[PDB]
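Asker: please find the sequence and an experimentally derived structure below.
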Amino acid sequence: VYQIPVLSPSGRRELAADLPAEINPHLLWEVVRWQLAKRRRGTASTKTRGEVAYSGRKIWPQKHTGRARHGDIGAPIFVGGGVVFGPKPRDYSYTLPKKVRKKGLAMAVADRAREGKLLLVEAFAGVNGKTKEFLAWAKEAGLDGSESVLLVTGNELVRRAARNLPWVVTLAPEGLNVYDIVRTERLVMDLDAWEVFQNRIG
Amino acid sequence: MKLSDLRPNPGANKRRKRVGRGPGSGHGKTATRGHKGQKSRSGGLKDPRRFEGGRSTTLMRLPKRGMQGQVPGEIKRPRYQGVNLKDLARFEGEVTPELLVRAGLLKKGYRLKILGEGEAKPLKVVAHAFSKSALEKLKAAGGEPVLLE
Amino acid sequence: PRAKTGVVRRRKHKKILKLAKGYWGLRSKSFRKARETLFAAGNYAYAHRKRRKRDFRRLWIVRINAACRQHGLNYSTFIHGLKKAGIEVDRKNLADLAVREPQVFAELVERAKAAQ
Amino acid sequence: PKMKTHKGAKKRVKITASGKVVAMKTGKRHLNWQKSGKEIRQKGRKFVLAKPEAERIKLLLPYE
RNA sequence: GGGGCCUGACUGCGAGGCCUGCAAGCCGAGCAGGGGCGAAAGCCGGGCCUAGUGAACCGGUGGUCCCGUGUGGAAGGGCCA
RNA sequence: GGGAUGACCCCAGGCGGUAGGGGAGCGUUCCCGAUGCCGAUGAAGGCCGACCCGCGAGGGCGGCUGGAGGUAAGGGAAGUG
RNA sequence: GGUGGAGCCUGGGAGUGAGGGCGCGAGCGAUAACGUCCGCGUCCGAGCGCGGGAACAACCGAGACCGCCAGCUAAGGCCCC
RNA sequence: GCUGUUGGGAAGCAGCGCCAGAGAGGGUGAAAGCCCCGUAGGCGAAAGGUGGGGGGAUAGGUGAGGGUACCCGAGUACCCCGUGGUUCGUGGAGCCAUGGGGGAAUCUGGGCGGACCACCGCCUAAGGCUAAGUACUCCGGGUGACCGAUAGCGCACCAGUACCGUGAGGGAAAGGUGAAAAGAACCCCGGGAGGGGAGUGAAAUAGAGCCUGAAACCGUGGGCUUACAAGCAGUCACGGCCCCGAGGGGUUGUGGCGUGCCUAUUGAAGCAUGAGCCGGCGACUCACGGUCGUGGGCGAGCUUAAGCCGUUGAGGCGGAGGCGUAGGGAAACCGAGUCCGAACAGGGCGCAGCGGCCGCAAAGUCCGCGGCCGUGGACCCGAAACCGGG
RNA sequence: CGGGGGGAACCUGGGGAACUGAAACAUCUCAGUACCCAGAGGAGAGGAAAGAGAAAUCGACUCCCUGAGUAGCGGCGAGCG
Ligand SMILES: NC(=[NH2+])NCCC[C@H](N)C(=O)O
Ligand SMILES: [Mg+2]
Ligand SMILES: [Mg+2]
Ligand SMILES: [Mg+2]
Ligand SMILES: [Mg+2]
Ligand SMILES: [Mg+2]
Ligand SMILES: [Mg+2]
Ligand SMILES: [Mg+2]
Ligand SMILES: [Mg+2]
Ligand SMILES: [Mg+2]
Ligand SMILES: [Mg+2]
Ligand SMILES: [Mg+2]
Ligand SMILES: [Mg+2]
Ligand SMILES: [Mg+2]
Ligand SMILES: [Mg+2]
Ligand SMILES: [Mg+2]
Ligand SMILES: [Mg+2]
Ligand SMILES: [Mg+2]
Ligand SMILES: [Mg+2]
Ligand SMILES: [Mg+2]
Ligand SMILES: [Mg+2]
Ligand SMILES: [Mg+2]
Ligand SMILES: [Mg+2]
Ligand SMILES: [Mg+2]
Ligand SMILES: [Mg+2]
Ligand SMILES: [Mg+2]
Ligand SMILES: [Mg+2]
Ligand SMILES: [Mg+2]
Ligand SMILES: [Mg+2]
Ligand SMILES: [Mg+2]
Ligand SMILES: [Mg+2]
Ligand SMILES: [Mg+2]
Ligand SMILES: [Mg+2]
Ligand SMILES: [Mg+2]
Ligand SMILES: [Mg+2]
Ligand SMILES: [Mg+2]
Ligand SMILES: [Mg+2]
Ligand SMILES: [Mg+2]
Ligand SMILES: [Mg+2]
Ligand SMILES: [Mg+2]
Ligand SMILES: [Mg+2]
Ligand SMILES: [Mg+2]
Ligand SMILES: [Mg+2]
Ligand SMILES: [Mg+2]
Ligand SMILES: [Mg+2]
Ligand SMILES: [Mg+2]
Ligand SMILES: [Mg+2]
Ligand SMILES: [Mg+2]
Ligand SMILES: [Mg+2]
Ligand SMILES: [Mg+2]
Ligand SMILES: [Mg+2]
Ligand SMILES: [Mg+2]
Ligand SMILES: [Mg+2]
Ligand SMILES: [Mg+2]
Ligand SMILES: [Mg+2]
Ligand SMILES: [Mg+2]
Ligand SMILES: [Mg+2]
Ligand SMILES: [Mg+2]
Ligand SMILES: [Mg+2]
Ligand SMILES: [Mg+2]
Ligand SMILES: [Mg+2]
Ligand SMILES: [Mg+2]
Ligand SMILES: [Mg+2]
Ligand SMILES: [Mg+2]
Ligand SMILES: [Mg+2]
Ligand SMILES: [Mg+2]
Ligand SMILES: [Mg+2]
Ligand SMILES: [Mg+2]
Ligand SMILES: [Mg+2]
Ligand SMILES: [Mg+2]
Ligand SMILES: [Mg+2]
Ligand SMILES: [Mg+2]
Ligand SMILES: [Mg+2]
Ligand SMILES: [Mg+2]
Ligand SMILES: [Mg+2]
Ligand SMILES: [Mg+2]
Ligand SMILES: [Mg+2]
Ligand SMILES: [Mg+2]
Ligand SMILES: [Mg+2]
Ligand SMILES: [Mg+2]
Ligand SMILES: [Mg+2]
Ligand SMILES: [Mg+2]
Ligand SMILES: [Mg+2]
Ligand SMILES: [Mg+2]
Ligand SMILES: [Mg+2]
Ligand SMILES: [Mg+2]
Ligand SMILES: [Mg+2]
Ligand SMILES: [Mg+2]
Ligand SMILES: [Mg+2]
Ligand SMILES: [Mg+2]
Ligand SMILES: [Mg+2]
Ligand SMILES: [Mg+2]
Ligand SMILES: [Mg+2]
Ligand SMILES: [Mg+2]
Ligand SMILES: [Mg+2]
Ligand SMILES: [Mg+2]
Ligand SMILES: [Mg+2]
Ligand SMILES: [Mg+2]
Ligand SMILES: [Mg+2]
Ligand SMILES: [Mg+2]
Ligand SMILES: [Mg+2]
Ligand SMILES: [Mg+2]
Ligand SMILES: [Mg+2]
Ligand SMILES: [Mg+2]
Ligand SMILES: [Mg+2]
Ligand SMILES: [Mg+2]
Ligand SMILES: [Mg+2]
Ligand SMILES: [Mg+2]
Ligand SMILES: [Mg+2]
Ligand SMILES: [Mg+2]
Ligand SMILES: [Mg+2]
Ligand SMILES: [Mg+2]
Ligand SMILES: [Mg+2]
Ligand SMILES: [Mg+2]
Ligand SMILES: [Mg+2]
Ligand SMILES: [Mg+2]
Ligand SMILES: [Mg+2]
Ligand SMILES: [Mg+2]
Ligand SMILES: [Mg+2]
Ligand SMILES: [Mg+2]
Ligand SMILES: [Mg+2]
Ligand SMILES: [Mg+2]
Ligand SMILES: [Mg+2]
Ligand SMILES: [Mg+2]
Ligand SMILES: [Mg+2]
Ligand SMILES: [Mg+2]
Ligand SMILES: [Mg+2]
Ligand SMILES: [Mg+2]
Ligand SMILES: [Mg+2]
Ligand SMILES: [Mg+2]
Ligand SMILES: [Mg+2]
Ligand SMILES: [Mg+2]
Ligand SMILES: [Mg+2]
Ligand SMILES: [Mg+2]
Ligand SMILES: [Mg+2]
Ligand SMILES: [Mg+2]
Ligand SMILES: [Mg+2]
Ligand SMILES: [Mg+2]
Ligand SMILES: [Mg+2]
Ligand SMILES: [Mg+2]
Ligand SMILES: [Mg+2]
Ligand SMILES: [Mg+2]
Ligand SMILES: [Mg+2]
Ligand SMILES: [Mg+2]
Ligand SMILES: [Mg+2]
Ligand SMILES: [Mg+2]
Ligand SMILES: [Mg+2]
Ligand SMILES: [Mg+2]
Ligand SMILES: [Mg+2]
Ligand SMILES: [Mg+2]
Ligand SMILES: [Mg+2]
Ligand SMILES: [Mg+2]
Ligand SMILES: [Mg+2]
Ligand SMILES: [Mg+2]
Ligand SMILES: [Mg+2]
Ligand SMILES: [Mg+2]
Ligand SMILES: [Mg+2]
Ligand SMILES: [Mg+2]
Ligand SMILES: [Mg+2]
Ligand SMILES: [Mg+2]
Ligand SMILES: [Mg+2]
Ligand SMILES: [Mg+2]
Ligand SMILES: [Mg+2]
Ligand SMILES: [Mg+2]
Ligand SMILES: [Mg+2]
Ligand SMILES: [Mg+2]
Ligand SMILES: [Mg+2]
Ligand SMILES: [Mg+2]
Ligand SMILES: [Mg+2]
Ligand SMILES: [Mg+2]
Ligand SMILES: [Mg+2]
Ligand SMILES: [Mg+2]
Ligand SMILES: [Mg+2]
Ligand SMILES: [Mg+2]
Ligand SMILES: [Mg+2]
Ligand SMILES: [Mg+2]
Ligand SMILES: [Mg+2]
Ligand SMILES: [Mg+2]
Ligand SMILES: [Mg+2]
Ligand SMILES: [Mg+2]
Ligand SMILES: [Mg+2]
Ligand SMILES: [Mg+2]
Ligand SMILES: [Mg+2]
Ligand SMILES: [Mg+2]
Ligand SMILES: [Mg+2]
Ligand SMILES: [Mg+2]
Ligand SMILES: [Mg+2]
Ligand SMILES: [Mg+2]
Ligand SMILES: [Mg+2]
Ligand SMILES: [Mg+2]
Ligand SMILES: [Mg+2]
Ligand SMILES: [Mg+2]
Ligand SMILES: [Mg+2]
Ligand SMILES: [Mg+2]
Ligand SMILES: [Mg+2]
Ligand SMILES: [Mg+2]
Ligand SMILES: [Mg+2]
Ligand SMILES: [Mg+2]
Ligand SMILES: [Mg+2]
Ligand SMILES: [Mg+2]
Ligand SMILES: [Mg+2]
Ligand SMILES: [Mg+2]
Ligand SMILES: [Mg+2]
Ligand SMILES: [Mg+2]
Ligand SMILES: [Mg+2]
Ligand SMILES: [Mg+2]
Ligand SMILES: [Mg+2]
Ligand SMILES: [Mg+2]
Ligand SMILES: [Mg+2]
Ligand SMILES: [Mg+2]
Ligand SMILES: [Mg+2]
Ligand SMILES: [Mg+2]
Ligand SMILES: [Mg+2]
Ligand SMILES: [Mg+2]
Ligand SMILES: [Mg+2]
Ligand SMILES: [Mg+2]
Ligand SMILES: [Mg+2]
Ligand SMILES: [Mg+2]
Ligand SMILES: [Mg+2]
Ligand SMILES: [Mg+2]
Ligand SMILES: [Mg+2]
Ligand SMILES: [Mg+2]
Ligand SMILES: [Mg+2]
Ligand SMILES: [Mg+2]
Ligand SMILES: [Mg+2]
Ligand SMILES: [Mg+2]
Ligand SMILES: [Mg+2]
Ligand SMILES: [Mg+2]
Ligand SMILES: [Mg+2]
Ligand SMILES: [Mg+2]
Ligand SMILES: [Mg+2]
Ligand SMILES: [Mg+2]
Ligand SMILES: [Mg+2]
Ligand SMILES: [Mg+2]
Ligand SMILES: [Mg+2]
Ligand SMILES: [Mg+2]
Ligand SMILES: [Mg+2]
C-alpha cells in the first residue's frame, strides 16, 4: 500500500503497510475537537440571583415612592447583583465513536505517510537519557530541528532525552493521538510503537 | 495535513439564532416572540401537547381500552421473540438462542421462536417454538428442528 | 469567558457624533439626540435628491417662459413646436442657451413658431 | 431530567408500526338502548386519529 | 285510510361518499348467517324527513372463560351488551 | 446561455413592508495555531482624518497621545453588541 | 389557454386569533352617530414613503433597490403665492 | 554566556558559544533555556501527629453417629380497631413499622412467598457490635478555552467595617506615581492653600487631589454668523466670508421641502407611555429527555454507562445494557400475517435498492452542529399576599 | 471515670408548613423538601436474612451505573415512581 522508510544500521530499508488511501479532513477534525473538548476544565462559574449574598427585603414599597419597582437588590438588573445565564461547572467531555477515533488514528498517520514525513527506526543506537545523546542521533537521521517532530516510542530514556526539546513531542505509543500527530511536521516511531499501532487500528 | 487545514465540512457547524440584538438581525425587540400574550410571557404555555384552553382534552375524551394492570404489577410468564428464516441465512450448521443473541438477532431473557418469512436451510435449529409455516419450510429444506423445554 | 462592552459602545457613539457635527445644541453633543437627528436628515436627503431634479426643471422652465415671451410667445406654445419640429434639446441646455447664447435660442423660437 | 411517559395516553391509545395513532371509538359507553345496531357495531372499532392530534399524542409517548 | 300474516325496532361486517378544525353527527349498495311478507319481480339492518340529547373518568347487572403475582383455585380485573 | 460547475462575461426579470420565517456577514472575551510572529525605530487603549477597500455592521493607512503588551490565514467555545 | 414568489404532497418554525375607513347588499338604530353586527371588495394596518386633495392613516393617482442640474405621463391643475 | 550595539534601562538586533531527566511559570530598568527565585531529577526529621501497609503478640476459633425432648429473646408473635412507610390515594391491600383491646407456643415450633384455603418452597423476629468502598468542604495544595476593581466572595484597601435599625437584622463605597523617592533643598508672590523658576527623571497636563484619562458638564482665545425675525432646528441648490494647496473643509444669508426616538394602538408630532445628560452593569442560557434538519462513522447491524488501566491537557479498555432487526390483539395466543367473526366473506392496523461477486446507496444506529418542544426560576425586573422559625 | 458547650456545610433521629402545580379548588402535588429540636462523627446511617421472589435460583449492608420513567400509583387529572 504505502512504502515506509525504515532507518536501520544496515540502511534505509523500506516497509509497507495498508494505511487508508482516502483522508477525511472532517473526521480528523471531529477527533481533535473531541480531544480538545473533553480536556476542558469546566471551571467557569457565575453566582445566580439566589446564590448572591444579600437579603430579600423589598427595598422600598411597591407604590407611591416615586421611583421604580424593585424587590431584593440581588436582582440581575442591579449592580453587584445576580448574573443571568452566566456559566456554571460543565462536563464539556463527551463520547466520540471509537471507530471514528481508530479511523482518525490511521488517517492521521497515513497523511504524514503521503508526505513521506513518517519515519521508523529499529532502535536509537546510542541514547541513554541525555538530550545531547539524541541530537547527534537525530542529526544522523536527518532530523535537523527545522521541523517539529512527534517521537513515539516506549523506551523511557529516549523520551526523557528529547522531551525538553523545543521541536519534539514525546509519547508512549500507547498514547499516540491525532492532534499530536497533526500538531507536528514529522512523525517517528519504534517498530514496537509501530507494532502496537497496527494492533490498535486493526 | 495541518491544524489550519482542519475545517469541518460546510454546514456541519451552523451558527445560532441570537434574538434581541437589534433591528438588523430581524430578531430584535420582541425576540421573534410576538406581542403580549401568555406565549410571549416567561415560562409560557401549558404543555401544548395536551392542554387545549379549558375544554376537555382530545386525549382525556378518548375511551380507555384493555387491562391497565394492577398491584403488585406485571405478571411473569415466559416471553418469545420470533426471528425470520431469511435472517438465519448467514449462519452455517447449528443455530441456538445464544449465538442468535451474540449475533444481534435475539434479545436476552426472551425465548426463541422461528418464523418463516424467508427460505429454510438444511440447518440444525434449536428454539422454543416454530410457526406452522416455518416448520413446513424447515422440514422440507432438509432441516432438523429441535424444540426445547 | 466574560465579554463586557469594553471599547465597542463608545466608538459607535463616536461614529454618530462625527456625522452629527454642526448640529444645534445636544443634537451634536448628545448621542441619542444625534441618532434621532441623523435619522431625519437621512430621509430628508434622499427625499430631496429625488427633488433636485424637480426643483431645477421648474426653474429652467421658469427662465425659458421668460425668454420665449421676449419673442412673443409662451413656454407652452414652443414646447410644442420643438416637438413638431423634432428638436430634443433639453430644458437644462435650453435654459443656458436662453441666457448666454440668446441668438441661438431666438432661432429655436423661430424654428418653433413655424413647425406649427 | 428525562421525560415521563404520559399514562393517560398509553392506556387509551396505541402507536402502530408506521407512525399512526389508533384509539377506540367514542360513544357506546352508556345510553345505548335506542342506538342503532349499526351505531353500536361501528363504534366497537378503532379509528385513526386526525394527523395533528395524533402527532401530539405521540410526543407524550417518547419511549414506546 | 282499511286489513291479513308478521318482528329487519336483525347478528357479523360494510365499498363509496355528504358534512368537517378535532371529536362527532348523517346516507349507504352490496356479501354471509338466520328469518318475515310476496305467486313473483322484489322490498325489510324501526318510524316521509329535519330536534327528542350528554364525551371520557368512576361504579352496577347478564354474558363471555382472556389474565390469575411460586402452582391448582378464589379475590380483583379485561373483552361483549 | 456561455465555461463547465462561483472564474468572471452577456440577455431578461424580481427586489415598499410591522408581527414572523429564512439566509449570508461584521464586531467583542476566550482556546489550539504559539517554545511561533508583531513591539521601545513604541503593544492595547485614547483624540483627530477631507485618504483607501466594504452595500452596511466594520477593516486598513497616517498624524498626536499612550507607555507593555498584542496577536494573522484556518477552526473551536460564549457571561458576545 | 395559462410557466406564475402559480398549484399538489410530506415535514420543521412561526406569528395572528383587540382591526379600522371606503364602496355596494342587509339587519339593528331614528330611511341618527368617526354608532353597531354580518356578507363581496378595496385600501390603511404593514405604503404615517411619493403626487393631487389648502392642511388629514385609509377619496383620486401610483406599488419607492441606488445615483443624475435628462425625457414622457396619471389624478389634479395653468392670473399672482 | 560573554561581547558589541541603539537605549534611561537589553532580556531587543548582530557575532561566537553552551545546558537540557530542567524550553512549566514568575522576576530582573523592555522581549533572558543558561542573572535572581524556580522547573526535571534527587535529599531530608532530634521532637508531636498519623500509621487503612509490613512483622509480633493476645482475647477468640474447631470433631461424629446414638438416644433424651430442658432452652432457643413477651404484653412480643397473632386477631381485630386507628395510622405511618413502600410505586400502592381502601383498592382485591398482603409485606415493614405501632397508639388502643384481646392474647400463645419452643422445631410436631413459628413469620414469608400481595386478601383467603391447600400444595410446594424461602427464611428463623421480639438483645447488641461491626471496618472499607459513600457524603460534605471552616482548612492546606494543584489546576483552569473562570472574573480582572459596577467584574470576581457582601470585603483585592484595617469589612461583616463606617453608616441605618431599640432588636433580630440590614450593609456599603474605597486598588494603581516611578526602574529607583532620586517625593522637589534653596530663592520668589502669599497668613496659608496654591503657584512661578531652580533641581530630579527617559517622560512632571507621571507632583503624591499622581498610570492610561474617554463622554456628559464648565471655561479662555480664534474664524464664520446673528438684533423685522417663525422654529423636530435638519436636508437640497446657490451665494458671501475663513482655511487647505476646475478640488475639498468649517460657517450660514436667501429660496424649496419637512409632524422627534421608543412604546401601546383601528389609528400619535401627537395635549397617550417612558426618557434631564453622559459613561459602565443590564434580558432567549444551561443539564437531561424528546422531535425535525444537518456533516460525518459503521451499517442487519450501531453503541456502550458506572467503572478498571494509562496520561498528567495520551488515550485505550469495559457488552452489563439501550435503540433496531415483526407486527396484530384488552389478553391467552397466533405470526407475514393478525384482530372482530361460524367463514375459505368484508374491513382495521401490517407485510416486498442501483450499476458493472464486487463496489455505490440505504432501513437503523452513534457522536457534532442547528431550530423547536417537555421538566426546572427557563427571556429580564416588578406585585398585593401565604407560610415557617426568630 | 464520664457528661454540659462550639463547628462552614455534610449525616441520622423527634417534629414539620406554605406559596406554587393541578391554568379555580378540597383529595393530590410542592414534600417529609424549607424550617425547629436532640444526637454523632470525622464521617453518620445501614448492615450478617424470621431477606429477596420464581431463577427449581440468589446469598449482610452501603454507593454509583443499568434495569426504567419499565412494573405499578393517580379527583387514572396535574403529576408520583
Ligand atoms: N514521556 C512522556 N510520556 N511524556 C509526555 C508529556 C509529559 C509532559 N506533558 C511534558 O511535556 O513534559
Ligand atoms: Mg465554561
Ligand atoms: Mg437567598
Ligand atoms: Mg443570598
Ligand atoms: Mg449579607
Ligand atoms: Mg425612596
Ligand atoms: Mg424577592
Ligand atoms: Mg440599594
Ligand atoms: Mg434576588
Ligand atoms: Mg456578584
Ligand atoms: Mg459590592
Ligand atoms: Mg453597590
Ligand atoms: Mg447578568
Ligand atoms: Mg437566570
Ligand atoms: Mg462536572
Ligand atoms: Mg451541548
Ligand atoms: Mg462523558
Ligand atoms: Mg509546536
Ligand atoms: Mg519539547
Ligand atoms: Mg455554536
Ligand atoms: Mg444550544
Ligand atoms: Mg422581522
Ligand atoms: Mg433570521
Ligand atoms: Mg416579549
Ligand atoms: Mg418565534
Ligand atoms: Mg417563537
Ligand atoms: Mg412588548
Ligand atoms: Mg398579551
Ligand atoms: Mg399571542
Ligand atoms: Mg419571572
Ligand atoms: Mg403562566
Ligand atoms: Mg401492561
Ligand atoms: Mg453589556
Ligand atoms: Mg466602550
Ligand atoms: Mg452600543
Ligand atoms: Mg465602531
Ligand atoms: Mg446614519
Ligand atoms: Mg422627495
Ligand atoms: Mg421626475
Ligand atoms: Mg425654486
Ligand atoms: Mg402671450
Ligand atoms: Mg422633448
Ligand atoms: Mg452673460
Ligand atoms: Mg401492544
Ligand atoms: Mg366507547
Ligand atoms: Mg362498557
Ligand atoms: Mg332513534
Ligand atoms: Mg339497527
Ligand atoms: Mg360486536
Ligand atoms: Mg423501553
Ligand atoms: Mg418496538
Ligand atoms: Mg298500513
Ligand atoms: Mg298494517
Ligand atoms: Mg308464521
Ligand atoms: Mg368511511
Ligand atoms: Mg370527519
Ligand atoms: Mg344521535
Ligand atoms: Mg340473505
Ligand atoms: Mg330470504
Ligand atoms: Mg311463501
Ligand atoms: Mg339493507
Ligand atoms: Mg322520527
Ligand atoms: Mg307507515
Ligand atoms: Mg344535550
Ligand atoms: Mg375527572
Ligand atoms: Mg374469543
Ligand atoms: Mg397463584
Ligand atoms: Mg385459565
Ligand atoms: Mg387441588
Ligand atoms: Mg370453585
Ligand atoms: Mg371473577
Ligand atoms: Mg368478570
Ligand atoms: Mg359495549
Ligand atoms: Mg424588500
Ligand atoms: Mg418594484
Ligand atoms: Mg412584495
Ligand atoms: Mg418582525
Ligand atoms: Mg435561503
Ligand atoms: Mg443565520
Ligand atoms: Mg466571527
Ligand atoms: Mg462586539
Ligand atoms: Mg503560548
Ligand atoms: Mg503570547
Ligand atoms: Mg527608549
Ligand atoms: Mg512615539
Ligand atoms: Mg483585550
Ligand atoms: Mg484588536
Ligand atoms: Mg495607537
Ligand atoms: Mg510581561
Ligand atoms: Mg487568537
Ligand atoms: Mg481566523
Ligand atoms: Mg482546532
Ligand atoms: Mg450578560
Ligand atoms: Mg448579555
Ligand atoms: Mg417554480
Ligand atoms: Mg407569495
Ligand atoms: Mg402564496
Ligand atoms: Mg408548515
Ligand atoms: Mg380570542
Ligand atoms: Mg377591537
Ligand atoms: Mg392582543
Ligand atoms: Mg375577535
Ligand atoms: Mg369585524
Ligand atoms: Mg368600528
Ligand atoms: Mg379620515
Ligand atoms: Mg362602509
Ligand atoms: Mg357609485
Ligand atoms: Mg348603495
Ligand atoms: Mg349599506
Ligand atoms: Mg338583516
Ligand atoms: Mg355611517
Ligand atoms: Mg367597536
Ligand atoms: Mg368585532
Ligand atoms: Mg397590529
Ligand atoms: Mg395607498
Ligand atoms: Mg398593499
Ligand atoms: Mg397614503
Ligand atoms: Mg411618514
Ligand atoms: Mg411621522
Ligand atoms: Mg400623500
Ligand atoms: Mg398633501
Ligand atoms: Mg400643496
Ligand atoms: Mg402595480
Ligand atoms: Mg411633455
Ligand atoms: Mg388652484
Ligand atoms: Mg402668499
Ligand atoms: Mg549607552
Ligand atoms: Mg548582551
Ligand atoms: Mg518559559
Ligand atoms: Mg515541564
Ligand atoms: Mg517569565
Ligand atoms: Mg510575549
Ligand atoms: Mg526567563
Ligand atoms: Mg519531583
Ligand atoms: Mg525520606
Ligand atoms: Mg459448634
Ligand atoms: Mg453429638
Ligand atoms: Mg422442648
Ligand atoms: Mg399515605
Ligand atoms: Mg375500598
Ligand atoms: Mg395504607
Ligand atoms: Mg413488594
Ligand atoms: Mg399495638
Ligand atoms: Mg416446621
Ligand atoms: Mg405451626
Ligand atoms: Mg410478620
Ligand atoms: Mg400475618
Ligand atoms: Mg400469608
Ligand atoms: Mg416471602
Ligand atoms: Mg401466594
Ligand atoms: Mg408448610
Ligand atoms: Mg423469604
Ligand atoms: Mg429470635
Ligand atoms: Mg448500630
Ligand atoms: Mg466508620
Ligand atoms: Mg465508609
Ligand atoms: Mg482551596
Ligand atoms: Mg488577567
Ligand atoms: Mg480577561
Ligand atoms: Mg473599584
Ligand atoms: Mg466591588
Ligand atoms: Mg480600572
Ligand atoms: Mg424599625
Ligand atoms: Mg449603631
Ligand atoms: Mg432592614
Ligand atoms: Mg475602608
Ligand atoms: Mg510602581
Ligand atoms: Mg518657601
Ligand atoms: Mg510670606
Ligand atoms: Mg510675604
Ligand atoms: Mg508648598
Ligand atoms: Mg511649584
Ligand atoms: Mg534633567
Ligand atoms: Mg525615547
Ligand atoms: Mg512619548
Ligand atoms: Mg499626558
Ligand atoms: Mg505621565
Ligand atoms: Mg505600570
Ligand atoms: Mg491623571
Ligand atoms: Mg486630570
Ligand atoms: Mg466663544
Ligand atoms: Mg415689515
Ligand atoms: Mg438684517
Ligand atoms: Mg436652485
Ligand atoms: Mg492644483
Ligand atoms: Mg412654501
Ligand atoms: Mg431651510
Ligand atoms: Mg408628508
Ligand atoms: Mg402625520
Ligand atoms: Mg397604552
Ligand atoms: Mg389604548
Ligand atoms: Mg409636537
Ligand atoms: Mg408636547
Ligand atoms: Mg399605556
Ligand atoms: Mg417607552
Ligand atoms: Mg432622576
Ligand atoms: Mg449609557
Ligand atoms: Mg435577552
Ligand atoms: Mg432556544
Ligand atoms: Mg445557566
Ligand atoms: Mg440545551
Ligand atoms: Mg434535539
Ligand atoms: Mg463510525
Ligand atoms: Mg462498540
Ligand atoms: Mg386483514
Ligand atoms: Mg389492506
Ligand atoms: Mg455508507
Ligand atoms: Mg444526531
Ligand atoms: Mg417544537
Ligand atoms: Mg426552577
Ligand atoms: Mg429564564
Ligand atoms: Mg433574572
Ligand atoms: Mg426586580
Ligand atoms: Mg417577586
Ligand atoms: Mg390565606
Ligand atoms: Mg392567614
Ligand atoms: Mg458537639
Ligand atoms: Mg426524619
Ligand atoms: Mg403547623
Ligand atoms: Mg395550598
Ligand atoms: Mg414555585
Ligand atoms: Mg404546570
Ligand atoms: Mg412545581
Ligand atoms: Mg394552584
Ligand atoms: Mg393556575
Ligand atoms: Mg384562590
Ligand atoms: Mg409529598
Ligand atoms: Mg427531618
Ligand atoms: Mg443544646
Ligand atoms: Mg452538637
Ligand atoms: Mg472515609
Ligand atoms: Mg457506626
Ligand atoms: Mg444473627
Ligand atoms: Mg429497561
Ligand atoms: Mg429506557
Ligand atoms: Mg384516566
Ligand atoms: Mg411523594
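Answerer: Right, received. Where do you want to start? Residues are numbered from 1 along each chain as shown, chains lettered A, B, ... in the order given. Ligands and ions are numbered 1, 2, ... in the order given.

Asker: so what's the closest residue to residue B:94 other than its chain neighbours bridging to?
Answerer: The shortest distance from residue B:94 to any non-neighbouring residue, by CB to CB, 6 or more residues apart in numbering or on different chains, is to residue B:124 (4.3 Å). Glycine gets a C-beta too; all of them are placed from N, C-alpha and C. Taking DSSP bridges as the rule, residue B:124 bridges to residue B:94, residue B:144.

Asker: who's in contact with the most centrally placed residue in chain C?
Answerer: Central residue of chain C (CA atoms, centre = their mean): residue C:52, 1.5 Å from the mean position. Applying CB atoms under 8 Å, 6 or more residues apart in numbering or on different chains to residue C:52 gives no contacts.

Asker: how near is it to residue D:7?
Answerer: 75 Å (CB to CB, to the nearest Å).

Asker: contacting residues for the closest residue to residue A:47 other than its chain neighbours?
Answerer: Sequence neighbours aside, residue A:83 is the residue nearest to residue A:47 in space, at 6.4 Å (criterion: CB to CB, 6+ apart). By CB under 8 Å, 6+ apart, the contact list for residue A:83 reads A:46, A:47, A:48, A:49, A:76.

Asker: and those, which of them are in strands?
Answerer: Among these, DSSP state E puts none in strands.

Asker: pull the longest helix from chain B.
Answerer: Assignment by DSSP state H gives helix B:132-140 as the longest helix of chain B.

Asker: for chain C, same thing?
Answerer: If you go by DSSP H, chain C has its longest helix at helix C:31-70.

Asker: that one near RNA strand G at all?
Answerer: Yes - using CB under 7 Å from any atom of the strand, helix C:31-70 comes into contact with RNA strand G via C:46, C:47, C:49, C:50, C:52, C:53, C:56, C:57.

Asker: a markdown table please, covering the residues you listed and showing distance to residue A:34.
Answerer: Output for the residues of helix C:31-70 next to RNA strand G, formatted as a markdown table (distance: CB to CB, whole Å):
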| residue | distance to residue A:34 |
| --- | --- |
| C:46 | 53 |
| C:47 | 58 |
| C:49 | 58 |
| C:50 | 59 |
| C:52 | 63 |
| C:53 | 64 |
| C:56 | 69 |
| C:57 | 70 |
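
Asker: closest one of the residues you listed to residue D:1?
Answerer: Distance to residue D:1 across those (CB to CB) is lowest for residue C:46, with 56.8 Å.

Asker: CA atoms of stretch C:21-38 as CSV?
Answerer: The C-alpha trace of stretch C:21-38 is given here as CSV (Å, rounded to 0.1, in the frame of the first residue of the first chain):
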residue,chain,number,x,y,z
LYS,C,21,-21.0,67.7,13.8
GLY,C,22,-22.6,71.1,13.1
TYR,C,23,-26.0,70.2,14.7
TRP,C,24,-27.6,72.6,17.1
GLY,C,25,-27.5,72.1,20.9
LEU,C,26,-27.3,68.5,22.1
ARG,C,27,-28.1,67.1,18.6
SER,C,28,-24.3,67.3,18.0
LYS,C,29,-23.3,66.7,21.7
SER,C,30,-25.8,64.1,22.8
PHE,C,31,-25.6,60.7,21.2
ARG,C,32,-29.3,59.7,21.4
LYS,C,33,-30.3,63.1,20.1
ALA,C,34,-27.6,62.7,17.4
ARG,C,35,-29.3,59.5,16.1
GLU,C,36,-32.8,60.9,16.2
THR,C,37,-31.5,63.7,14.0
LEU,C,38,-29.3,61.6,11.7
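
Asker: residue A:159 touches residue A:152, doesn't it?
Answerer: No - applying CB atoms under 8 Å, one finds residue A:159 not in contact with residue A:152, separated by 9.2 Å.

Asker: need the residues touching each of these two.
Answerer: Going by CB under 8 Å, 6+ apart, residues that sit against residue A:159 and also against residue A:152 are A:170, A:171, A:172.

Asker: can you pull the contacts of the last one?
Answerer: Neighbouring residues of residue A:172 by CB under 8 Å, 6+ apart: A:152, A:153, A:154, A:159, A:193.

Asker: and if you look at the first one?
Answerer: Listed by CB under 8 Å, 6+ apart, the contact set of residue A:170 reads A:151, A:152, A:159, A:162, A:163.

Asker: now do the closest residue in space to residue C:98 that isn't next to it in sequence against RNA strand I, distance only.
Answerer: Distances taken as CB to CB, 6+ apart place residue C:67 nearest to residue C:98, at 4.2 Å, with adjacent residues excluded. Using CB to the nearest atom of the strand, to the nearest Å, we find residue C:67 at a distance of 77 Å from RNA strand I.
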